[PDB]
Structure formats: structure tokens, C-alpha cells
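**Q** Please find one structure pasted underneath; my questions will follow.
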4 protein chains.
Amino acid sequence: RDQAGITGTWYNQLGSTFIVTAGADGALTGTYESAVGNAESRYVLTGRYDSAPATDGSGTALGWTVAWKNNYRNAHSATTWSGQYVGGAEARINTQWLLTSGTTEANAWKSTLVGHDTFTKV
Amino acid sequence: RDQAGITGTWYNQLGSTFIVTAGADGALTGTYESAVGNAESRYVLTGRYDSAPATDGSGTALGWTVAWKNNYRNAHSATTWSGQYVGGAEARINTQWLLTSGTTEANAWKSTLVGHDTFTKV
Amino acid sequence: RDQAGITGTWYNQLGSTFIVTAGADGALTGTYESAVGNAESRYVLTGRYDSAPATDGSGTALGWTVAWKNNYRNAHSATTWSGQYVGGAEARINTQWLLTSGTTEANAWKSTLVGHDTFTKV
Amino acid sequence: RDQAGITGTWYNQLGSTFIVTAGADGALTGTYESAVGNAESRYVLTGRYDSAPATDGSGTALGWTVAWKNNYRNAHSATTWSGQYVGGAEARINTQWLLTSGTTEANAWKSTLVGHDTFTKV
Ligand SMILES: O=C1N[C@H]2[C@H](CS[C@H]2CCCCNC(=O)c2ccc3c(c2)C(=O)c2ccccc2C3=O)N1
Ligand SMILES: O=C1N[C@H]2[C@H](CS[C@H]2CCCCNC(=O)c2ccc3c(c2)C(=O)c2ccccc2C3=O)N1
Ligand SMILES: O=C1N[C@H]2[C@H](CS[C@H]2CCCCNC(=O)c2ccc3c(c2)C(=O)c2ccccc2C3=O)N1
Ligand SMILES: O=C1N[C@H]2[C@H](CS[C@H]2CCCCNC(=O)c2ccc3c(c2)C(=O)c2ccccc2C3=O)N1
């Protein structure tokens with residue numbers, strides 16, 4: 001599997017830092033530090049990955065969540081990243097993400113941002 | 001907070017069943033059973049929620065992930081749901097989701113489905 | 001085809017009004033009036049639809065765009081709706097949408113909202 | 001405005017070709033040729049852009065639609081791209097997109113792909 005390939009420190013195009021441990025069972029646990037937004041220091045993350053991916057050259061599906069509350073700040077929001085790990089000399093995690101803020105019902109139509117992050121080991 | 005409001009069994013518009021425990025610290029843990037797709041029985045989920053939401057009538061941001069591997073099937077894919085819990089007499093979890101499949105690099109452009117699920121307690 | 005089924009006035013869950021003419025060639029032209037956001041009166045829309053859909057009970061794919069500039073306001077943003085028309089006694093257009101604002105490069109990560117609108121004829 | 005900056009031929013990361021004319025009034029018209037998918041030759045596109053963007057360094061919001069029917073093929077689907085044009089020496093159009101296929105109601109949950117394309121003039 002890709003437990004060893006996924007475990008470690010990853011960096012996205014914004015300079016954010018994603019530190020993760022992949023468990024043998026499919027668990028992802030770690031911390032996230034965003035270079036942008038209403039965020040400071042590390043936030044807990046948890047997620048899941050496919051611990052027995054296909055053997056045909058396909059990537060490894062995974063996802064995780066951060067709720068943007070820690071001991072320093074609370075942005076009343078959560079981001080989920082959904083994507084796939086691609087191994088090899090220039091390994092990457094290619095993701096799309098959804099960032100939902102708590103809103104009133106009147107403002108729920110503008111609650112959710114969407115974007116895409118690519119994580120590398122360098 | 002909404003630990004007690006979120007903890008329990010939820011059902012979406014497709015007939016899927018979302019069983020979750022909210023921890024005092026922001027953790028979400030539980031199981032998901034999809035009424036649709038290449039899925040059978042329960043799958044592990046994990047996520048996060050805002051354990052100290054705003055007090056102005058806003059919803060409570062949260063997200064979770066399921067990797068679609070269990071002891072029965074492996075769809076080589078993962079879904080993340082990002083959304084907000086809205087309390088009250090007809091409590092709901094309103095979500096948008098991203099479902100990424102592991103793909104070859106040539107097919108990565110068609111790796112990710114997007115949709116929206118509303119969960120109720122009934 | 002669904003030229004006659006799509007042409008006319010549609011209303012979404014927010015109270016917005018979508019007035020459209022479907023051309024024999026796949027064109028969509030009309031106006032949109034949003035019940036929410038930094039918007040007033042009607043805005044031009046244009047789009048495309050599948051003018052020869054499948055005959056197996058599938059919906060009819062379509063999409064359109066509004067740039068949120070008219071003679072009254074300019075929100076420096078554009079929404080695209082992507083979805084499908086479903087005919088019958090309770091015809092609907094089920095959509096997902098992406099609303100991008102012009103931003104500086106530093107803020108591009110938070111440029112795009114995502115949501116979902118359902119349009120009915122009533 | 002950016003009528004002259006947007007008008008012309010653009011290429012994305014997949015090798016697709018986007019040929020567009022921007023009108024003084026906010027119109028986008030042209031053709032799209034996809035390097036991937038169930039697509040051959042050129043397809044009509046139409047969209048809208050902000051013809052009076054902010055002057056603070058922000059990008060120019062725009063969107064367009066392609067229904068994937070032409071004289072050669074019909075994929076019973078439509079893509080909308082929502083994004084912003086960024087001018088300068090290395091001008092770009094940064095987009096996110098939604099690709100909806102016509103589906104039966106039972107399959108509507110898996111009707112829509114999401115992705116991101118960056119277009120350059122080179
Ligand atoms: O590494 C990274 N960093 C970024 C990406 C995805 S997570 C993100 C880092 C997130 C850090 C905590 N939230 C914020 O600061 C934040 C700032 C502004 C907005 C929101 C959140 C938000 O919810 C929102 C929702 C709906 C309409 C508008 C808005 C906003 O205007 N990748
Ligand atoms: O309760 C629920 N159930 C559903 C929603 C969101 S999770 C979903 C249940 C998911 C169950 C496991 N996956 C599947 O069966 C599955 C079936 C078909 C496709 C995919 C996955 C997929 O990745 C995909 C990605 C890119 C292009 C096309 C495709 C597919 O054509 N809410
Ligand atoms: O009928 C409808 N009405 C609505 C939906 C989809 S179109 C929408 C109506 C749109 C009317 C013109 N824009 C706005 O007022 C507007 C207001 C607030 C925001 C934005 C735009 C925006 O871009 C944005 C982008 C990124 C981060 C945060 C933000 C915002 O906070 N369906
Ligand atoms: O330049 C480009 N090219 C690409 C991107 C965005 S447009 C795209 C080019 C599109 C060309 C016409 N459609 C296709 O061939 C096509 C192929 C496979 C699928 C679909 C469409 C689809 O709807 C879909 C929807 C829901 C679940 C699964 C599926 C598919 O598995 N940028």
C-alpha cells in the first residue's frame with residue numbers, strides 16, 4: 001500500500017503545511033497549518049485513504065477534514081480535501097476542496113468556497 | 001455546543017445512513033452506509049466539527065470523509081462532505097461533497113464528482 | 001427535443017427568476033434576476049443545451065453564465081450553472097453552480113463559491 | 001477593459017483549445033476543442049465576462065458553457081467554466097468547471113464532474 005508514501009510532511013502551492021500519519025487500516029491523522037486565511041498555527045485533521053489501491057497505475061484516493069478551531073482562533077468553518085495520492089519520484093497529492101462556513105439560513109447560499117490544492121514533498 | 005445535536009443517526013435524500021459520534025474536542029467518528037453506488041454495508045468515517053460555533057444563529061461547520069473500502073468492497077474512491085449543522089425542530093446537516101476516484105494521470109481530469117446531500121434525523 | 005420544454009420562466013429555491021429562450025441549435029439566451037446577493041434587476045445570460053438528448057429517460061444537459069454587471073450594479077463576479085433539465089408534470093432544472101469573483105492573486109484561493117439551485121416552473 | 005486581452009486563442013493544461021471573441025457588452029462567443037473525453041473537433045461556446053472590472057489589481061470574472069454536441073458527436077453533457085482572467089506578461093484564465101451529463105433520476109447523484117483548468121496564450 002501507500003502508508004509509507006503518504007505519511008509525512010506535505011506542502012501546497014500556497015505554502016501551507018500538511019503533516020499526516022497514514023494508518024494500516026485507512027486512517028489519516030495529523031495537523032494542518034494554513035499559509036492563508038483566518039488561521040494561525042496548527043489545526044487537527046483526520047481523514048481516510050484507500051489502503052489497497054488498484055495496481056494498474058491509478059492513484060490512491062483519500063480525503064481529510066480540518067475544522068478551523070484551535071486554541072488560538074475559530075473561523076467557524078471547515079475544509080474538506082478530496083483527492084488522490086500519486087507516487088513516484090515527484091510524488092503528489094492532487095486535491096479539490098470545499099470550505100464551508102457556518103452561516104445564517106439567509107446566507108447559506110454563500111457558505112461554501114471551492115478550490116484546488118496540489119501537495120508535494122518539497 | 002452541538003455535540004448532542006450532531007451525535008446520532010442521520011439520513012440523506014438518497015436513503016443513505018450516517019451514524020456519528022461528536023466528541024467534545026471537535027472529533028467526528030462513525031459509519032456510513034450508502035444507498036447508491038459501488039458500496040455495501042458500513043464504511044468507517046472520520047471528520048471534524050466546530051465545537052464552539054457562533055451564537056448569532058449561524059450553523060455549525062463540519063466535514064467528514066469516507067474511503068470506500070471495507071471488508072466487502074473497494075471502490076478505490078473517497079468522498080468528503082463539507083457542510084453545516086442547523087439545529088432546531090427540523091434539524092439538518094446541509095452538505096456539498098466531492099467524490100474522487102483513483103485514476104491514471106491521463107484520466108485525472110474526470111476523477112472527481114461533485115454533489116449535495118441534505119441529512120435529517122427522520 | 002426540449003426547446004419548448006426549456007423555453008420560458010423558471011424560479012429557484014431562493015426566489016430568483018430565470019427567463020430563457022432555447023434555440024433550435026442549442027443556444028440559451030435570456031435574463032436572470034437574483035433574489036440574493038449584490039444584484040438588482042435583470043442581467044444578461046447566455047448558455048448552451050443538448051438539443052438532441054438521449055431517449056432513454058435521461059435528462060437534458062445544459063449550462064449558462066451570468067456576469068453580474070448591468071446598468072445598475074457590478075459585483076465583479078460571474079456565475080455559471082451546470083445541470084440538467086428533467087421534463088414531465090413537475091419539470092425541473094437541477095443545477096450546481098460556480099460563482100467566481102475577480103480577486104487579487106493573493107486572494108485567488110477564496111475567489112469561488114459553489115452551490116446548487118433547483119428551478120421549477122412554479 | 002479586457003476585451004482585447006481576452007479575445008483570441010487560449011490553451012489549457014490538457015492541450016485543449018479555446019478560441020474566443022469578447023464583445024464590448026460582456027459577450028463571449030467562440031469555439032472549444034477538447035484534447036480529452038468524448039469529443040471531436042470544435043463545439044460552440046458562449047459566455048459572459050465583466051466588461052468593467054475593478055482597477056485595484058483584481059482579475060476579471062468570466063464564465064462560458066459548451067454543450068458537447070456538434071455535427072460529429074453528442075456526449076449528452078455540458079461543461080461550464082467559471083473563473084477570472086489575469087492580464088500581464090503571462091496572462092492566464094484560471095477556471096474551475098462543472099461537467100454535467102444527462103442521467104436518469106436514479107443516477108443523478110453521479111451526474112456532475114468538477115475540475116480546474118488554467119488557460120494560457122502559449
Ligand atoms: O492551505 C490552504 N488554505 C486555504 C485552502 C483551503 S483551506 C484554506 C484556509 C482556510 C482557513 C480558515 N478560513 C478562512 O480563513 C476563511 C477566510 C475567508 C472566508 C472563509 C474562510 C470561508 O469559509 C468563506 C465561506 C463562504 C464565503 C466566503 C468565505 C470567506 O471569505 N488551502
Ligand atoms: O449517500 C451518498 N451516496 C453517494 C453520495 C456521495 S458518496 C456516494 C456513494 C459512493 C459509493 C462508492 N462510489 C461509487 O459507488 C462510485 C460509482 C461511480 C463513480 C464513482 C464512484 C466515482 O468516484 C467517479 C469519479 C469520477 C468519475 C466517475 C465516477 C463514477 O461514475 N451520497
Ligand atoms: O439565484 C441565485 N443567486 C445566487 C445563486 C448563485 S448566483 C448568486 C447571486 C450572485 C449575485 C452577485 N454576487 C453577489 O452578490 C456576491 C455576494 C457575495 C460574494 C460573492 C458574490 C462572490 O462572488 C464571492 C466569491 C468568493 C468569496 C466570497 C464571495 C462572496 O461573499 N443563485
Ligand atoms: O479541456 C477540457 N476537457 C475536459 C475538461 C472539462 S470539459 C472536458 C471535456 C468533456 C468532453 C465531453 N465529455 C466527455 O468526454 C465525458 C467523458 C466522461 C464522462 C463525462 C463526460 C461526464 O460528463 C460524466 C459525468 C458524471 C460522471 C461521469 C462522467 C464521465 O465519466 N477540460
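If you're wondering about the labels, chains in the C-alpha cells are A, B, ... by order shown, residues count from 1 in each chain, ligands from 1 in order shown.
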Quick one: residues within 8 Å of residue 67 of chain D, only C-alpha atoms, excluding same-chain residues fewer than 6 positions away - as a PyMOL selection string?

**A** (chain C and resi 26+48-50+61-63) or (chain D and resi 43-45+76-79)

**Q** Store the residues picked out above, limited to N, CA, C and O atoms, as a compact mmCIF listing (two decimals), in the first residue's frame.

**A**
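Result saved to result01.txt:
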# COMPACT_ATOMS: atom_id res chain seq x y z
N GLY C 26 -29.23 24.76 -30.03
CA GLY C 26 -28.57 24.57 -28.76
C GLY C 26 -28.34 25.84 -27.98
O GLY C 26 -27.78 25.78 -26.89
N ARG C 48 -25.85 27.11 -23.34
CA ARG C 48 -25.99 26.05 -24.32
C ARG C 48 -26.73 24.88 -23.70
O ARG C 48 -26.61 24.62 -22.50
N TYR C 49 -27.45 24.13 -24.53
CA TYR C 49 -28.09 22.91 -24.07
C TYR C 49 -27.95 21.85 -25.15
O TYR C 49 -27.74 22.15 -26.33
N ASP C 50 -28.08 20.59 -24.75
CA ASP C 50 -28.08 19.46 -25.68
C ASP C 50 -29.41 19.41 -26.40
O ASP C 50 -30.44 19.09 -25.81
N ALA C 61 -28.72 17.84 -20.70
CA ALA C 61 -27.65 18.63 -20.12
C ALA C 61 -27.69 20.06 -20.65
O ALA C 61 -28.02 20.32 -21.81
N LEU C 62 -27.33 21.01 -19.80
CA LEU C 62 -27.32 22.42 -20.20
C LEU C 62 -26.43 23.20 -19.23
O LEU C 62 -26.09 22.72 -18.15
N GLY C 63 -26.09 24.42 -19.61
CA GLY C 63 -25.41 25.33 -18.72
C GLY C 63 -25.59 26.75 -19.20
O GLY C 63 -25.89 26.98 -20.36
N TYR D 43 -16.68 22.77 -30.85
CA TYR D 43 -18.00 22.90 -30.28
C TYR D 43 -18.25 24.38 -30.02
O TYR D 43 -17.35 25.13 -29.63
N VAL D 44 -19.50 24.80 -30.20
CA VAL D 44 -19.86 26.18 -29.92
C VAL D 44 -19.70 26.47 -28.44
O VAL D 44 -20.10 25.68 -27.59
N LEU D 45 -19.19 27.65 -28.12
CA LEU D 45 -19.31 28.16 -26.76
C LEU D 45 -19.90 29.56 -26.74
O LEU D 45 -19.76 30.33 -27.70
N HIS D 76 -24.01 14.14 -24.69
CA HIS D 76 -25.13 14.40 -23.79
C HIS D 76 -24.63 14.95 -22.46
O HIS D 76 -24.91 14.43 -21.38
N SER D 77 -23.90 16.05 -22.56
CA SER D 77 -23.28 16.66 -21.41
C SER D 77 -22.94 18.09 -21.75
O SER D 77 -22.97 18.51 -22.91
N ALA D 78 -22.70 18.87 -20.70
CA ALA D 78 -22.31 20.27 -20.85
C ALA D 78 -21.31 20.64 -19.77
O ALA D 78 -21.46 20.22 -18.62
N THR D 79 -20.30 21.42 -20.13
CA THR D 79 -19.34 21.96 -19.18
C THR D 79 -19.51 23.45 -19.08
O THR D 79 -19.66 24.13 -20.11

**Q** Residues of chain D near chain C: apply a cut-off of 9 Å, count only C-alpha atoms, and supply the list as an MDAnalysis selection string.

**A** chainID D and resid 26:28 44:54 56:69 74:86 95:105 108 111:112

**Q** List every residue of chain A that has an atom at most 8 Å from any atom of ligand 3, and for each one report the closest atom pair and its distance in Å to one decimal, counting only C-alpha atoms and all ligand atoms, with rows sorted by chain and then by increasing residue number, as CSV.

**A**
residue,atom,partner,partner_atom_place_in_ligand_line,distance
A:109,CA,ligand 3,5 (C),6.3
A:110,CA,ligand 3,31 (O),6.0
A:113,CA,ligand 3,27 (C),6.5

**Q** Just the residues within 7 Å of residue 12 of chain C, please, counting only C-alpha atoms, with nothing from its chain fewer than 2 positions along; format it as an MDAnalysis selection string.

**A** chainID C and resid 10 14:17 117:120

**Q** Could you write out, as a PyMOL selection string, all the residues of segment 22-116 of chain A that DSSP marks as strand (DSSP E or B)?

**A** chain A and resi 22+27-33+43-49+60-69+74-86+92-101+112-116

**Q** Would you mind exporting C-alpha atoms of the selected residues as a short mmCIF file (atom, residue, chain, number, x, y, z; two decimals), in the first residue's frame?

**A**
data_model
loop_
_atom_site.label_atom_id
_atom_site.label_comp_id
_atom_site.auth_asym_id
_atom_site.auth_seq_id
_atom_site.Cartn_x
_atom_site.Cartn_y
_atom_site.Cartn_z
CA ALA A 22 -1.38 7.04 7.45
CA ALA A 27 -6.79 6.23 8.86
CA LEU A 28 -5.26 9.66 8.27
CA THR A 29 -4.39 11.74 11.33
CA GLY A 30 -2.26 14.82 11.71
CA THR A 31 -2.12 18.58 11.64
CA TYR A 32 -2.57 21.34 9.11
CA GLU A 33 -1.11 24.85 9.09
CA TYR A 43 -5.21 22.54 13.45
CA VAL A 44 -6.22 18.92 13.92
CA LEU A 45 -7.01 16.91 10.84
CA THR A 46 -8.49 13.48 10.32
CA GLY A 47 -9.37 11.55 7.20
CA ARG A 48 -9.29 8.29 5.30
CA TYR A 49 -7.41 6.77 2.39
CA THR A 60 -4.77 6.35 -4.33
CA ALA A 61 -8.00 8.05 -3.28
CA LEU A 62 -8.06 9.92 0.04
CA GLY A 63 -9.69 12.79 1.86
CA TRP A 64 -9.41 14.73 5.10
CA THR A 65 -11.08 17.46 7.11
CA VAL A 66 -9.91 20.43 9.16
CA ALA A 67 -12.32 22.38 11.35
CA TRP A 68 -10.71 25.79 11.74
CA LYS A 69 -10.84 25.97 15.51
CA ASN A 74 -12.01 29.93 15.45
CA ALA A 75 -13.02 30.74 11.89
CA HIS A 76 -16.34 28.87 12.28
CA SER A 77 -15.59 26.91 9.14
CA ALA A 78 -14.31 23.57 7.93
CA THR A 79 -12.40 22.47 4.84
CA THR A 80 -12.51 19.03 3.30
CA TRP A 81 -9.91 17.98 0.74
CA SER A 82 -10.77 15.13 -1.64
CA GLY A 83 -8.12 13.84 -3.97
CA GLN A 84 -5.63 11.21 -4.87
CA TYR A 85 -2.03 10.44 -3.99
CA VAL A 86 0.27 9.77 -6.94
CA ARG A 92 1.99 14.47 -5.21
CA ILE A 93 -1.40 14.68 -3.59
CA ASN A 94 -3.80 16.33 -6.04
CA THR A 95 -6.90 17.67 -4.36
CA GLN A 96 -10.09 19.66 -4.70
CA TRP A 97 -11.56 21.19 -1.55
CA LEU A 98 -14.75 22.57 -0.10
CA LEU A 99 -14.61 25.20 2.66
CA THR A 100 -17.96 25.70 4.38
CA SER A 101 -18.58 28.47 6.90
CA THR A 112 -19.10 27.29 0.62
CA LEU A 113 -15.87 28.07 -1.24
CA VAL A 114 -14.34 25.61 -3.68
CA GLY A 115 -10.74 25.32 -4.79
CA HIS A 116 -7.86 23.00 -5.63
#

**Q** Step one, run DSSP on the backbone; step two, keep only residues of chain C assigned to helix (DSSP H, G or I); then write them as a count of residues only.

**A** 10

**Q** Ranking A:4, A:19, A:39, A:24 by minimum distance to ligand 1 and counting only C-alpha atoms and all ligand atoms, which one comes first?

**A**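 Nearest to ligand 1: A:39.
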
**Q** For a quick check of understanding, using only C-alpha atoms, which of D:71, D:55, D:21, D:9 has the smallest distance to residue 42 of chain D?

**A**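 Looking at the shortest contact to residue 42 of chain D, the residue is D:71.
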
**Q** What is the atom CA of residue 91 of chain C to atom CA of residue 35 of chain C distance in Å?

**A**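 Distance between the two atoms: 21.3 Å.
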
**Q** Show which residues sit within 8 Å of residue 40 of chain D, as JSON, numbers by chain. Count only C-alpha atoms, and ignore same-chain residues fewer than 4 positions away.

**A** {"D": [33, 34, 72, 73]}

**Q** Okay, now the selection with N, CA and C atoms, as a PDB file, in the first residue's frame?

**A**
ATOM      1  N   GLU D  33     -12.262  23.122 -28.437  1.00  0.00           N
ATOM      2  CA  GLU D  33     -11.827  21.811 -28.915  1.00  0.00           C
ATOM      3  C   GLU D  33     -11.106  21.115 -27.767  1.00  0.00           C
ATOM      4  N   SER D  34     -11.676  20.019 -27.286  1.00  0.00           N
ATOM      5  CA  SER D  34     -11.122  19.331 -26.137  1.00  0.00           C
ATOM      6  C   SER D  34     -10.104  18.294 -26.570  1.00  0.00           C
ATOM      7  N   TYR D  72     -20.429  15.940 -35.262  1.00  0.00           N
ATOM      8  CA  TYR D  72     -19.684  14.682 -35.206  1.00  0.00           C
ATOM      9  C   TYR D  72     -20.107  13.789 -34.050  1.00  0.00           C
ATOM     10  N   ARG D  73     -20.387  14.367 -32.883  1.00  0.00           N
ATOM     11  CA  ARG D  73     -20.626  13.561 -31.697  1.00  0.00           C
ATOM     12  C   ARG D  73     -21.599  14.284 -30.793  1.00  0.00           C
TER      13      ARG D  73
END
